[PDB]
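What follows is the content of coords24.cif (mmCIF, C-alpha atoms and all ligand atoms).
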```cif
data_run
#
loop_
_atom_site.group_PDB
_atom_site.id
_atom_site.type_symbol
_atom_site.label_atom_id
_atom_site.label_comp_id
_atom_site.auth_asym_id
_atom_site.auth_seq_id
_atom_site.Cartn_x
_atom_site.Cartn_y
_atom_site.Cartn_z
ATOM 1 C CA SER O 2 -9.138 15.026 -25.988
ATOM 2 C CA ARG O 3 -7.128 11.869 -26.370
ATOM 3 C CA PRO O 4 -3.747 13.499 -27.154
ATOM 4 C CA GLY O 5 -3.091 16.631 -25.122
ATOM 5 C CA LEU O 6 -4.212 15.236 -21.777
ATOM 6 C CA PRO O 7 -1.903 15.648 -18.752
ATOM 7 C CA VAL O 8 -0.981 11.991 -18.782
ATOM 8 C CA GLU O 9 2.356 11.031 -17.317
ATOM 9 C CA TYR O 10 4.488 7.963 -17.777
ATOM 10 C CA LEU O 11 6.013 7.684 -14.344
ATOM 11 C CA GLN O 12 8.829 5.465 -13.194
ATOM 12 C CA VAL O 13 8.205 4.583 -9.561
ATOM 13 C CA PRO O 14 10.988 2.787 -7.767
ATOM 14 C CA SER O 15 9.888 -0.263 -5.833
ATOM 15 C CA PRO O 16 12.313 -1.169 -3.076
ATOM 16 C CA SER O 17 10.496 -4.469 -2.617
ATOM 17 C CA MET O 18 10.688 -5.540 -6.222
ATOM 18 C CA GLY O 19 14.124 -4.094 -6.917
ATOM 19 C CA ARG O 20 13.098 -2.207 -10.014
ATOM 20 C CA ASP O 21 11.239 0.803 -11.334
ATOM 21 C CA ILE O 22 7.539 0.144 -11.870
ATOM 22 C CA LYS O 23 6.179 2.169 -14.757
ATOM 23 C CA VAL O 24 2.921 3.919 -13.789
ATOM 24 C CA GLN O 25 0.612 5.748 -16.212
ATOM 25 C CA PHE O 26 -0.848 8.681 -14.401
ATOM 26 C CA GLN O 27 -3.262 11.582 -14.650
ATOM 27 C CA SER O 28 -3.755 13.768 -11.597
ATOM 28 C CA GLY O 29 -7.236 14.889 -10.651
ATOM 29 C CA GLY O 30 -5.438 17.714 -8.838
ATOM 30 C CA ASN O 31 -3.672 18.385 -5.519
ATOM 31 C CA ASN O 32 -5.173 16.288 -2.718
ATOM 32 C CA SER O 33 -7.409 14.448 -5.221
ATOM 33 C CA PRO O 34 -8.505 10.897 -4.370
ATOM 34 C CA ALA O 35 -6.974 8.104 -6.461
ATOM 35 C CA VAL O 36 -8.487 5.421 -8.657
ATOM 36 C CA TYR O 37 -6.066 2.521 -9.143
ATOM 37 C CA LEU O 38 -6.911 0.761 -12.430
ATOM 38 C CA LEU O 39 -5.471 -2.740 -12.181
ATOM 39 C CA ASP O 40 -4.792 -4.681 -15.369
ATOM 40 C CA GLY O 41 -5.913 -8.153 -16.376
ATOM 41 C CA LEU O 42 -4.100 -11.491 -16.341
ATOM 42 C CA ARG O 43 -2.044 -10.774 -19.485
ATOM 43 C CA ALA O 44 -0.756 -7.395 -18.275
ATOM 44 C CA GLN O 45 1.999 -6.128 -20.596
ATOM 45 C CA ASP O 46 5.165 -4.345 -19.492
ATOM 46 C CA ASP O 47 4.763 -1.307 -21.725
ATOM 47 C CA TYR O 48 1.207 -0.080 -21.196
ATOM 48 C CA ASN O 49 -1.668 -1.013 -18.835
ATOM 49 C CA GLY O 50 -4.588 -2.660 -20.681
ATOM 50 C CA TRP O 51 -6.938 0.083 -19.517
ATOM 51 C CA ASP O 52 -4.937 2.639 -21.433
ATOM 52 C CA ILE O 53 -4.580 0.380 -24.471
ATOM 53 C CA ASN O 54 -8.222 -0.576 -24.781
ATOM 54 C CA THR O 55 -10.164 2.414 -23.411
ATOM 55 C CA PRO O 56 -10.144 6.240 -23.276
ATOM 56 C CA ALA O 57 -10.105 5.960 -19.452
ATOM 57 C CA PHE O 58 -7.847 9.025 -19.041
ATOM 58 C CA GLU O 59 -10.094 11.020 -21.317
ATOM 59 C CA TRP O 60 -13.214 9.940 -19.439
ATOM 60 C CA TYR O 61 -11.693 10.848 -16.091
ATOM 61 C CA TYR O 62 -9.979 14.126 -16.959
ATOM 62 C CA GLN O 63 -11.360 16.970 -14.869
ATOM 63 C CA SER O 64 -13.335 14.424 -12.825
ATOM 64 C CA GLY O 65 -11.499 15.377 -9.601
ATOM 65 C CA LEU O 66 -10.099 11.832 -9.528
ATOM 66 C CA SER O 67 -6.469 10.882 -10.075
ATOM 67 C CA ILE O 68 -6.102 7.928 -12.422
ATOM 68 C CA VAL O 69 -3.329 5.501 -11.549
ATOM 69 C CA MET O 70 -2.419 2.681 -13.933
ATOM 70 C CA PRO O 71 0.415 0.434 -12.767
ATOM 71 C CA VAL O 72 2.232 -1.221 -15.694
ATOM 72 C CA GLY O 73 3.290 -4.885 -15.671
ATOM 73 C CA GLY O 74 2.870 -7.858 -13.372
ATOM 74 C CA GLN O 75 1.314 -10.296 -15.831
ATOM 75 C CA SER O 76 -0.241 -13.161 -13.829
ATOM 76 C CA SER O 77 0.749 -11.488 -10.536
ATOM 77 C CA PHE O 78 -2.752 -11.153 -9.095
ATOM 78 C CA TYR O 79 -1.253 -7.907 -7.755
ATOM 79 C CA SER O 80 0.007 -9.997 -4.857
ATOM 80 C CA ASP O 81 3.181 -10.294 -2.806
ATOM 81 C CA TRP O 82 4.621 -13.603 -4.021
ATOM 82 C CA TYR O 83 6.383 -16.224 -1.840
ATOM 83 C CA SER O 84 9.104 -16.785 -4.426
ATOM 84 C CA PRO O 85 10.394 -15.124 -7.592
ATOM 85 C CA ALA O 86 7.923 -14.821 -10.416
ATOM 86 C CA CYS O 87 9.538 -17.054 -13.022
ATOM 87 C CA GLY O 88 7.775 -17.505 -16.350
ATOM 88 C CA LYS O 89 8.715 -18.139 -19.984
ATOM 89 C CA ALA O 90 10.625 -14.834 -20.124
ATOM 90 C CA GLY O 91 12.630 -15.189 -16.892
ATOM 91 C CA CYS O 92 12.269 -14.284 -13.227
ATOM 92 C CA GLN O 93 10.959 -11.053 -11.769
ATOM 93 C CA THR O 94 10.277 -10.120 -8.159
ATOM 94 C CA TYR O 95 6.533 -9.805 -7.563
ATOM 95 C CA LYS O 96 5.619 -7.795 -4.474
ATOM 96 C CA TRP O 97 2.627 -5.949 -5.799
ATOM 97 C CA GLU O 98 0.643 -5.685 -2.583
ATOM 98 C CA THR O 99 3.646 -4.017 -1.004
ATOM 99 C CA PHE O 100 4.058 -1.697 -3.979
ATOM 100 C CA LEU O 101 0.401 -0.718 -4.314
ATOM 101 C CA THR O 102 -0.161 -0.174 -0.612
ATOM 102 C CA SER O 103 3.023 1.686 0.418
ATOM 103 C CA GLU O 104 5.718 2.418 -2.155
ATOM 104 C CA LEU O 105 3.299 3.735 -4.791
ATOM 105 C CA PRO O 106 0.919 5.806 -2.624
ATOM 106 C CA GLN O 107 3.833 7.291 -0.707
ATOM 107 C CA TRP O 108 5.604 8.179 -3.944
ATOM 108 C CA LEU O 109 2.430 9.585 -5.445
ATOM 109 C CA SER O 110 1.750 11.648 -2.363
ATOM 110 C CA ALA O 111 5.299 12.977 -2.161
ATOM 111 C CA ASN O 112 5.759 13.528 -5.902
ATOM 112 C CA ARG O 113 2.268 14.412 -7.070
ATOM 113 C CA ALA O 114 0.222 15.344 -3.993
ATOM 114 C CA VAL O 115 -2.161 12.477 -4.685
ATOM 115 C CA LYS O 116 -4.182 11.687 -1.590
ATOM 116 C CA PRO O 117 -2.749 8.419 -0.267
ATOM 117 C CA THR O 118 -6.012 7.456 1.461
ATOM 118 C CA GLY O 119 -9.636 7.006 0.477
ATOM 119 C CA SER O 120 -8.762 5.429 -2.867
ATOM 120 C CA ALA O 121 -10.512 2.989 -5.146
ATOM 121 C CA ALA O 122 -9.052 -0.097 -6.802
ATOM 122 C CA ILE O 123 -10.752 -1.375 -9.900
ATOM 123 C CA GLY O 124 -9.586 -4.620 -11.459
ATOM 124 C CA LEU O 125 -10.730 -6.932 -14.245
ATOM 125 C CA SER O 126 -10.038 -10.624 -14.600
ATOM 126 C CA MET O 127 -7.139 -11.584 -12.299
ATOM 127 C CA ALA O 128 -7.167 -8.080 -10.751
ATOM 128 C CA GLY O 129 -10.872 -8.169 -9.872
ATOM 129 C CA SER O 130 -10.231 -10.407 -6.899
ATOM 130 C CA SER O 131 -7.090 -8.385 -6.173
ATOM 131 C CA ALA O 132 -9.072 -5.158 -5.916
ATOM 132 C CA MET O 133 -11.266 -6.664 -3.225
ATOM 133 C CA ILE O 134 -8.309 -8.136 -1.370
ATOM 134 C CA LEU O 135 -6.628 -4.750 -1.367
ATOM 135 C CA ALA O 136 -9.730 -3.264 0.243
ATOM 136 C CA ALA O 137 -10.139 -6.255 2.560
ATOM 137 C CA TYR O 138 -6.731 -5.712 4.118
ATOM 138 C CA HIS O 139 -6.089 -2.014 3.470
ATOM 139 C CA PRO O 140 -9.456 -0.320 4.039
ATOM 140 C CA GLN O 141 -7.942 3.043 4.993
ATOM 141 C CA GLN O 142 -6.295 3.295 1.611
ATOM 142 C CA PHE O 143 -8.928 1.491 -0.453
ATOM 143 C CA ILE O 144 -12.482 2.445 0.453
ATOM 144 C CA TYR O 145 -13.928 1.273 -2.859
ATOM 145 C CA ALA O 146 -13.220 -1.913 -4.821
ATOM 146 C CA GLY O 147 -14.395 -2.720 -8.362
ATOM 147 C CA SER O 148 -14.215 -6.337 -9.597
ATOM 148 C CA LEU O 149 -14.893 -7.002 -13.291
ATOM 149 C CA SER O 150 -15.190 -10.553 -14.586
ATOM 150 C CA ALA O 151 -13.094 -12.115 -11.845
ATOM 151 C CA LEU O 152 -13.000 -15.600 -10.314
ATOM 152 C CA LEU O 153 -14.211 -14.646 -6.846
ATOM 153 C CA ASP O 154 -13.678 -17.936 -4.961
ATOM 154 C CA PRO O 155 -10.193 -18.815 -6.206
ATOM 155 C CA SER O 156 -9.202 -20.849 -3.133
ATOM 156 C CA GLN O 157 -12.116 -23.267 -3.533
ATOM 157 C CA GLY O 158 -12.306 -26.573 -5.378
ATOM 158 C CA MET O 159 -10.847 -26.397 -8.851
ATOM 159 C CA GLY O 160 -9.976 -22.756 -8.080
ATOM 160 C CA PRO O 161 -6.261 -23.123 -7.322
ATOM 161 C CA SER O 162 -5.678 -25.317 -10.353
ATOM 162 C CA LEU O 163 -7.648 -23.112 -12.679
ATOM 163 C CA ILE O 164 -5.472 -20.247 -11.497
ATOM 164 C CA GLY O 165 -2.405 -22.381 -12.162
ATOM 165 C CA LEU O 166 -3.540 -23.052 -15.727
ATOM 166 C CA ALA O 167 -4.158 -19.415 -16.456
ATOM 167 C CA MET O 168 -0.840 -18.199 -15.064
ATOM 168 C CA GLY O 169 0.785 -20.864 -17.175
ATOM 169 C CA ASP O 170 -1.002 -19.720 -20.277
ATOM 170 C CA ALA O 171 -0.171 -16.085 -19.471
ATOM 171 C CA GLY O 172 3.600 -15.862 -19.360
ATOM 172 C CA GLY O 173 4.083 -19.379 -18.058
ATOM 173 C CA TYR O 174 4.143 -18.592 -14.367
ATOM 174 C CA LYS O 175 3.395 -21.150 -11.629
ATOM 175 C CA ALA O 176 0.829 -20.595 -8.849
ATOM 176 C CA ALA O 177 3.091 -22.431 -6.420
ATOM 177 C CA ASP O 178 5.588 -19.553 -6.656
ATOM 178 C CA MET O 179 2.837 -17.120 -5.671
ATOM 179 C CA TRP O 180 0.640 -18.502 -2.905
ATOM 180 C CA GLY O 181 2.175 -21.966 -2.770
ATOM 181 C CA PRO O 182 0.411 -25.335 -2.870
ATOM 182 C CA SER O 183 -3.410 -25.097 -2.543
ATOM 183 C CA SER O 184 -2.977 -26.174 1.069
ATOM 184 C CA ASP O 185 -1.192 -22.948 1.894
ATOM 185 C CA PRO O 186 -3.257 -20.425 3.863
ATOM 186 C CA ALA O 187 -2.279 -17.776 1.271
ATOM 187 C CA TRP O 188 -5.106 -19.071 -0.938
ATOM 188 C CA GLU O 189 -7.839 -18.420 1.614
ATOM 189 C CA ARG O 190 -6.259 -15.090 2.505
ATOM 190 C CA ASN O 191 -6.501 -13.869 -1.121
ATOM 191 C CA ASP O 192 -10.000 -15.236 -1.709
ATOM 192 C CA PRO O 193 -12.455 -12.285 -1.710
ATOM 193 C CA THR O 194 -15.403 -14.538 -0.867
ATOM 194 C CA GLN O 195 -13.507 -15.746 2.193
ATOM 195 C CA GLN O 196 -12.724 -12.136 3.099
ATOM 196 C CA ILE O 197 -16.312 -11.003 2.836
ATOM 197 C CA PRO O 198 -16.686 -10.273 6.598
ATOM 198 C CA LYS O 199 -13.834 -7.774 6.300
ATOM 199 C CA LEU O 200 -15.488 -6.101 3.307
ATOM 200 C CA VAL O 201 -18.705 -5.822 5.296
ATOM 201 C CA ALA O 202 -17.128 -4.555 8.508
ATOM 202 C CA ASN O 203 -15.108 -1.973 6.600
ATOM 203 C CA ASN O 204 -18.310 -1.061 4.777
ATOM 204 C CA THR O 205 -16.233 -1.160 1.572
ATOM 205 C CA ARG O 206 -18.081 0.161 -1.457
ATOM 206 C CA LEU O 207 -18.162 -2.648 -4.034
ATOM 207 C CA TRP O 208 -18.822 -2.610 -7.781
ATOM 208 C CA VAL O 209 -19.098 -6.206 -8.928
ATOM 209 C CA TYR O 210 -19.587 -6.931 -12.609
ATOM 210 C CA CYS O 211 -19.772 -10.154 -14.539
ATOM 211 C CA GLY O 212 -21.191 -10.732 -18.032
ATOM 212 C CA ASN O 213 -23.096 -13.888 -18.906
ATOM 213 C CA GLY O 214 -21.062 -15.040 -21.897
ATOM 214 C CA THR O 215 -23.466 -13.749 -24.577
ATOM 215 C CA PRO O 216 -21.977 -11.085 -26.829
ATOM 216 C CA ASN O 217 -24.183 -8.236 -28.015
ATOM 217 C CA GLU O 218 -23.353 -5.724 -30.762
ATOM 218 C CA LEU O 219 -20.398 -4.450 -28.676
ATOM 219 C CA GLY O 220 -18.482 -7.429 -30.020
ATOM 220 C CA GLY O 221 -16.251 -9.931 -28.242
ATOM 221 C CA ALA O 222 -18.260 -12.630 -29.995
ATOM 222 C CA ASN O 223 -15.745 -15.437 -29.755
ATOM 223 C CA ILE O 224 -15.713 -18.771 -27.917
ATOM 224 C CA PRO O 225 -12.817 -18.150 -25.473
ATOM 225 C CA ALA O 226 -14.287 -14.807 -24.470
ATOM 226 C CA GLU O 227 -17.723 -16.373 -24.146
ATOM 227 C CA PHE O 228 -16.534 -19.487 -22.296
ATOM 228 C CA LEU O 229 -14.322 -17.543 -19.909
ATOM 229 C CA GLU O 230 -17.017 -15.064 -18.905
ATOM 230 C CA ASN O 231 -19.621 -17.724 -18.325
ATOM 231 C CA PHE O 232 -17.192 -19.863 -16.405
ATOM 232 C CA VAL O 233 -16.453 -17.233 -13.745
ATOM 233 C CA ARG O 234 -20.050 -16.040 -13.486
ATOM 234 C CA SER O 235 -21.179 -18.465 -10.794
ATOM 235 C CA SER O 236 -18.470 -17.375 -8.346
ATOM 236 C CA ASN O 237 -19.786 -13.869 -8.908
ATOM 237 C CA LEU O 238 -23.316 -14.989 -8.123
ATOM 238 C CA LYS O 239 -22.166 -16.886 -5.021
ATOM 239 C CA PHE O 240 -20.199 -13.869 -3.899
ATOM 240 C CA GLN O 241 -23.348 -11.782 -4.162
ATOM 241 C CA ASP O 242 -25.398 -14.230 -2.068
ATOM 242 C CA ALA O 243 -22.687 -14.519 0.573
ATOM 243 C CA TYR O 244 -22.137 -10.776 0.843
ATOM 244 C CA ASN O 245 -25.806 -10.067 1.384
ATOM 245 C CA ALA O 246 -26.007 -12.995 3.781
ATOM 246 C CA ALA O 247 -23.156 -11.499 5.786
ATOM 247 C CA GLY O 248 -24.988 -8.197 6.084
ATOM 248 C CA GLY O 249 -23.301 -6.515 3.142
ATOM 249 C CA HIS O 250 -24.954 -3.212 2.193
ATOM 250 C CA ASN O 251 -22.595 -1.075 0.110
ATOM 251 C CA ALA O 252 -22.266 -2.828 -3.222
ATOM 252 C CA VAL O 253 -23.358 -2.454 -6.773
ATOM 253 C CA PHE O 254 -23.981 -5.868 -8.391
ATOM 254 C CA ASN O 255 -23.865 -5.866 -12.213
ATOM 255 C CA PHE O 256 -24.793 -9.174 -13.840
ATOM 256 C CA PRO O 257 -26.479 -8.235 -17.114
ATOM 257 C CA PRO O 258 -27.803 -10.838 -19.543
ATOM 258 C CA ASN O 259 -24.899 -10.013 -21.865
ATOM 259 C CA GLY O 260 -21.137 -9.597 -21.896
ATOM 260 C CA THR O 261 -18.059 -11.578 -22.756
ATOM 261 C CA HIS O 262 -14.508 -11.660 -21.435
ATOM 262 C CA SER O 263 -13.434 -8.749 -23.587
ATOM 263 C CA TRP O 264 -12.268 -5.157 -23.170
ATOM 264 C CA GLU O 265 -15.373 -3.726 -24.833
ATOM 265 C CA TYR O 266 -17.443 -4.785 -21.872
ATOM 266 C CA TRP O 267 -14.921 -3.689 -19.220
ATOM 267 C CA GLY O 268 -14.530 -0.213 -20.717
ATOM 268 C CA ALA O 269 -18.293 0.109 -20.636
ATOM 269 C CA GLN O 270 -18.236 -0.589 -16.922
ATOM 270 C CA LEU O 271 -15.404 1.823 -16.168
ATOM 271 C CA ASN O 272 -17.270 4.513 -18.006
ATOM 272 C CA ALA O 273 -20.474 3.592 -16.224
ATOM 273 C CA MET O 274 -18.972 3.818 -12.738
ATOM 274 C CA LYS O 275 -17.431 7.331 -12.864
ATOM 275 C CA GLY O 276 -20.199 9.282 -11.117
ATOM 276 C CA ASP O 277 -20.439 6.582 -8.437
ATOM 277 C CA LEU O 278 -16.699 6.843 -7.916
ATOM 278 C CA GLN O 279 -16.909 10.606 -7.628
ATOM 279 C CA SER O 280 -19.622 10.382 -4.993
ATOM 280 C CA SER O 281 -18.053 7.545 -3.041
ATOM 281 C CA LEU O 282 -14.579 9.081 -3.003
ATOM 282 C CA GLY O 283 -15.671 12.732 -2.637
ATOM 283 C CA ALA O 284 -14.563 14.134 -6.000
ATOM 284 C CA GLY O 285 -17.561 16.439 -6.466
HETATM 285 O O1 LIG O 301 -7.403 -12.070 -18.178
HETATM 286 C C1 LIG O 301 -7.542 -10.757 -18.728
HETATM 287 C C2 LIG O 301 -7.264 -10.749 -20.222
HETATM 288 O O2 LIG O 301 -8.575 -10.842 -20.858
HETATM 289 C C3 LIG O 301 -8.472 -10.987 -22.266
HETATM 290 O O3 LIG O 301 -7.864 -12.227 -22.593
HETATM 291 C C4 LIG O 301 -8.691 -13.328 -22.189
HETATM 292 O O4 LIG O 301 -9.844 -13.395 -23.034
HETATM 293 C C5 LIG O 301 -9.495 -13.338 -24.436
HETATM 294 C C6 LIG O 301 -10.795 -13.149 -25.177
HETATM 295 O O5 LIG O 301 -11.259 -11.803 -25.100
HETATM 296 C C7 LIG O 301 -8.734 -14.619 -24.770
HETATM 297 O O6 LIG O 301 -8.393 -14.624 -26.166
HETATM 298 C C8 LIG O 301 -7.485 -14.720 -23.895
HETATM 299 O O7 LIG O 301 -6.743 -15.894 -24.162
HETATM 300 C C9 LIG O 301 -7.877 -14.609 -22.404
HETATM 301 O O8 LIG O 301 -6.728 -14.598 -21.576
HETATM 302 C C10 LIG O 301 -7.685 -9.870 -22.928
HETATM 303 O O9 LIG O 301 -7.394 -10.217 -24.286
HETATM 304 C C11 LIG O 301 -6.414 -9.472 -22.197
HETATM 305 O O10 LIG O 301 -6.006 -8.145 -22.561
HETATM 306 C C12 LIG O 301 -6.599 -9.454 -20.693
HETATM 307 O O11 LIG O 301 -5.365 -9.329 -19.971
HETATM 308 O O1 LIG O 302 -13.522 -23.011 -9.806
HETATM 309 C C1 LIG O 302 -14.329 -22.260 -10.716
HETATM 310 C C2 LIG O 302 -15.811 -22.433 -10.426
HETATM 311 O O2 LIG O 302 -16.063 -23.861 -10.443
HETATM 312 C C3 LIG O 302 -17.376 -24.272 -10.125
HETATM 313 O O3 LIG O 302 -18.312 -23.949 -11.140
HETATM 314 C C4 LIG O 302 -17.788 -24.116 -12.445
HETATM 315 O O4 LIG O 302 -17.944 -25.404 -12.975
HETATM 316 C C5 LIG O 302 -18.935 -25.644 -13.976
HETATM 317 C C6 LIG O 302 -18.229 -25.664 -15.314
HETATM 318 O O5 LIG O 302 -17.237 -26.686 -15.392
HETATM 319 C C7 LIG O 302 -20.091 -24.664 -13.878
HETATM 320 O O6 LIG O 302 -20.854 -24.978 -12.693
HETATM 321 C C8 LIG O 302 -19.668 -23.203 -13.898
HETATM 322 O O7 LIG O 302 -19.813 -22.642 -15.198
HETATM 323 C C9 LIG O 302 -18.239 -23.004 -13.364
HETATM 324 O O8 LIG O 302 -18.098 -21.740 -12.748
HETATM 325 C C10 LIG O 302 -17.888 -23.700 -8.808
HETATM 326 O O9 LIG O 302 -19.282 -23.991 -8.662
HETATM 327 C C11 LIG O 302 -17.668 -22.196 -8.740
HETATM 328 O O10 LIG O 302 -17.874 -21.664 -7.427
HETATM 329 C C12 LIG O 302 -16.225 -21.855 -9.081
HETATM 330 O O11 LIG O 302 -16.031 -20.437 -9.162
#
```

Starting from the coordinates I provided, produce the structure as structure tokens.
Ligand SMILES: OC[C@H]1O[C@H](O[C@H]2O[C@H](CO)[C@@H](O)[C@H](O)[C@H]2O)[C@H](O)[C@@H](O)[C@@H]1O
Ligand SMILES: OC[C@H]1O[C@H](O[C@H]2O[C@H](CO)[C@@H](O)[C@H](O)[C@H]2O)[C@H](O)[C@@H](O)[C@@H]1O
Amino acid sequence: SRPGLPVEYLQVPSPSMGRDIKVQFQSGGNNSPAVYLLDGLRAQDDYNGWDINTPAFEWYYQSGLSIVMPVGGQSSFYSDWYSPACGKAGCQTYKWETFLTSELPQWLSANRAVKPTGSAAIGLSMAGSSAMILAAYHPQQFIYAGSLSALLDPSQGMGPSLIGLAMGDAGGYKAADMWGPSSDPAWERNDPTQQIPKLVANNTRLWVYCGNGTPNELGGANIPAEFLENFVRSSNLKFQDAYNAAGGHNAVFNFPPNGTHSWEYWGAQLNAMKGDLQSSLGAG
């Protein structure tokens, strides 16, 4: 049902960021595996975009999977930032890798008996690369990573400056505050194409989606959505080639001849990957 589901609106203290992170939550039951649904570049501070734009909770109720939707961190790339995250609205502390990989799972285990290990992270847009970086560096916790419509080589060429533009347009943040000048090693570290050997060695299950910029009847037929999806598509194709070349063998690659940078297409993927998540994480 949409109303009447056991959906919580948690307030999870983050020592590292000095505030309470709101977290929308639906348990799949005691000791259930978690699915972290990471929001896109323009993440709002009231509700995660996955809740706003999809019936995700509804789709995953009684799936044996806990659904975890952190709220906030627009333009954060769910990263630990070098300096305060200062945008149009003011400064906030961004230490999202710390939060997602310790404070949150520990709180969820202690307070809701959510299994802290063997989780998936699924992100769209900005959070698509973040999902893979979470699995790259925290494979115990994240054994599955979904990346929807993300720029997958952000440290390369125009990469850093395109990221700067977007953060600027979304809340007016500056990429220097996050991973520093493009010279800083933080860029390579958070580039999922660069971290492909990790993904392979950890045998991380991947779900990699990117549309082609052509809208079908689902909608999203507008130029920005079309131009954005097409623009990030090649990094998705190059990721695929590199991953296979590095001996990758645990990914689903989803590059249909349709799809724009719009929630209609992302929802469709989240819905599509439920049974795969259940098998890969042992929901049964
Ligand atoms: O980066 C994730 C955001 O994707 C959407 O916004 C992008 O694409 C829109 C077209 O669908 C553009 O209008 C917008 O300027 C882009 O940033 C989505 O609207 C947001 O909810 C996501 O956070
Ligand atoms: O940095 C983003 C991507 O840039 C290159 O490719 C882009 O540039 C052209 C458009 O201006 C097209 O080749 C394509 O649509 C874009 O993705 C680079 O080749 C990619 O690896 C980068 O992800």

- Message: To check your reading of the model: which residues sit at most 7 Å from ligand LIG 302 (chain O) when counting all atoms listed in the file? Write the answer as an MDAnalysis selection string.
- Response: chainID O and resid 152:155 157:160 163 231:236 239

Output file for the selection above: C-alpha atoms, as an mmCIF file, in the frame of the given file:
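The result, written out as part_30.cif:
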```cif
data_model
loop_
_atom_site.group_PDB
_atom_site.id
_atom_site.type_symbol
_atom_site.label_atom_id
_atom_site.label_comp_id
_atom_site.auth_asym_id
_atom_site.auth_seq_id
_atom_site.Cartn_x
_atom_site.Cartn_y
_atom_site.Cartn_z
ATOM 1 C CA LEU O 152 -13.000 -15.600 -10.314
ATOM 2 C CA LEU O 153 -14.211 -14.646 -6.846
ATOM 3 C CA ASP O 154 -13.678 -17.936 -4.961
ATOM 4 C CA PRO O 155 -10.193 -18.815 -6.206
ATOM 5 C CA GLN O 157 -12.116 -23.267 -3.533
ATOM 6 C CA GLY O 158 -12.306 -26.573 -5.378
ATOM 7 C CA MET O 159 -10.847 -26.397 -8.851
ATOM 8 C CA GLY O 160 -9.976 -22.756 -8.080
ATOM 9 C CA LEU O 163 -7.648 -23.112 -12.679
ATOM 10 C CA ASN O 231 -19.621 -17.724 -18.325
ATOM 11 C CA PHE O 232 -17.192 -19.863 -16.405
ATOM 12 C CA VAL O 233 -16.453 -17.233 -13.745
ATOM 13 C CA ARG O 234 -20.050 -16.040 -13.486
ATOM 14 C CA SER O 235 -21.179 -18.465 -10.794
ATOM 15 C CA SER O 236 -18.470 -17.375 -8.346
ATOM 16 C CA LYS O 239 -22.166 -16.886 -5.021
#
```

- Contacts to ligand LIG 301 (chain O) at 8 Å cut-off (all atoms listed in the file) as a ChimeraX atom specification: /O:40-44,50,75,125-127,167,170-171,221,223-227,229,261-264

- Message: Between atom CA of residue 47 of chain O and atom CA of residue 3 of chain O, what is the distance in Å, rounded to a tenth?
- Response: 18.3 Å

- Query: Could you pull the residues within 9 Å of segment 177-192 of chain O, counting all atoms listed in the file, minus those fewer than 5 positions along the same chain, as a ChimeraX atom specification?
  - Reply: /O:77-78,80-87,95,130-131,133-134,153-157,160-162,165,197

What would the file look like if the residues just selected were written as a compact mmCIF listing (two decimals), in the frame of the given file with C-alpha atoms?
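Final output, saved to again_35.txt:
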```txt
# COMPACT_ATOMS: atom_id res chain seq x y z
CA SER O 77 0.75 -11.49 -10.54
CA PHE O 78 -2.75 -11.15 -9.10
CA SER O 80 0.01 -10.00 -4.86
CA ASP O 81 3.18 -10.29 -2.81
CA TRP O 82 4.62 -13.60 -4.02
CA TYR O 83 6.38 -16.22 -1.84
CA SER O 84 9.10 -16.78 -4.43
CA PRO O 85 10.39 -15.12 -7.59
CA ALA O 86 7.92 -14.82 -10.42
CA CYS O 87 9.54 -17.05 -13.02
CA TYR O 95 6.53 -9.80 -7.56
CA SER O 130 -10.23 -10.41 -6.90
CA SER O 131 -7.09 -8.38 -6.17
CA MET O 133 -11.27 -6.66 -3.22
CA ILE O 134 -8.31 -8.14 -1.37
CA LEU O 153 -14.21 -14.65 -6.85
CA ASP O 154 -13.68 -17.94 -4.96
CA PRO O 155 -10.19 -18.82 -6.21
CA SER O 156 -9.20 -20.85 -3.13
CA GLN O 157 -12.12 -23.27 -3.53
CA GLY O 160 -9.98 -22.76 -8.08
CA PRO O 161 -6.26 -23.12 -7.32
CA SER O 162 -5.68 -25.32 -10.35
CA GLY O 165 -2.40 -22.38 -12.16
CA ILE O 197 -16.31 -11.00 2.84
```

- Task: Spell out the residues picked by the PyMOL selection byres (((chain O and resi 23) around 9) and not hetatm) here, as a VMD selection string.
- Result: chain O and resid 10 to 14 21 to 22 24 to 25 46 to 48 70 to 73

- Task: Pick out the closest residue to residue 149 of chain O from this set: O:37, O:210, O:61, O:254. Count all atoms listed in the file.
- Result: O:210

- Task: With the file shown as input, list the residues that the PyMOL selection byres (((chain O and resi 143) around 8) and not hetatm) selects, as a list in words.
- Result: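 So the PyMOL selection byres (((chain O and resi 143) around 8) and not hetatm) ends up selecting residues 118, 119, 120, 121, 122, 135, 136, 139, 140, 141, 142, 144, 145 and 146 of chain O.
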
- Message: I'd like to know which of O:5, O:220, O:117, O:74 is closest to residue 168 of chain O, using only C-alpha atoms.
- Response: O:74

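Of the listed residues (O:115, O:20, O:240, O:108), O:115 comes nearest to residue 66 of chain O; the distances count only C-alpha atoms.
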
- Item | Nearest-residue call for residue 100 of chain O, choices O:56, O:173, O:124, O:19, using all atoms listed in the file | O:19

- Task: Kindly give the distance, in Å, that separates atom CA of residue 246 of chain O and atom CA of residue 137 of chain O, rounded to a single decimal.
- Result: 17.3 Å
